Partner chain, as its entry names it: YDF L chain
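Shown below, as structure tokens, is a lone chain in the form solved without its partner chain; questions about how it binds or moves come after it.
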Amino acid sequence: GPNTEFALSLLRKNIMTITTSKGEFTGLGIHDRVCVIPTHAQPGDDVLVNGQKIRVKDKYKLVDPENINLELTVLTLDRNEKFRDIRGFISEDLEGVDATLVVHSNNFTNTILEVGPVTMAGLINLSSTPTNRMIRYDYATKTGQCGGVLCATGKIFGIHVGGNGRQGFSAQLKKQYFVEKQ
């Protein structure tokens, strides 16, 4: 419904295809030149944005200080035009809300899949790999939507970093991480 139309509007606005080592996935712009992408996707210091060589200004491999994986990487890409601050559209209120997984990769060209109500996992381990601040939705997903923009109408919950089976794992993109100066 309105979530789908928002996704298309967010698409043209802050979403672009990033060619990482894992493949060409979805990159969500947060504000200015600040974008976000998963870690195991392996983004370089210079990367291809829509196939175009571009260099990364600032690269924040964002995990918990204690080596606990958030599987998230925030990067300031060197692009002239700025992304619209969808930071005030971040929904750090997650659990109980219906979320839609919007993935725009080279393969998945804007696949808007409504997944249902998202819940908070918190800190869980995945095969001995400790992950902290994961948002989890119980939905049998066909894994491969790395970078999938988990959103709803005016609500960015985070991005699907790597879900598998009935556990769609998304990272919690809370505004705290995008606070420029604290």
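Residue numbers count along the first chain shown, from 1.
This next part talks about the form solved in complex with its partner chain, which is not shown.
Interface residue remark: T143 is counted as part of the site for its partner chain in the deposited complex, having a heavy atom within 4.5 Å. Mapping the unseen interface onto this chain, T76 falls outside it, with no heavy atom inside 4.5 Å of its partner chain in the deposited complex. Taking the partner from elsewhere, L113 is found to have a heavy atom lying within 4.5 Å of its partner chain in the deposited complex. None of the heavy atoms of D32 is located within 4.5 Å of its partner chain in the deposited complex.
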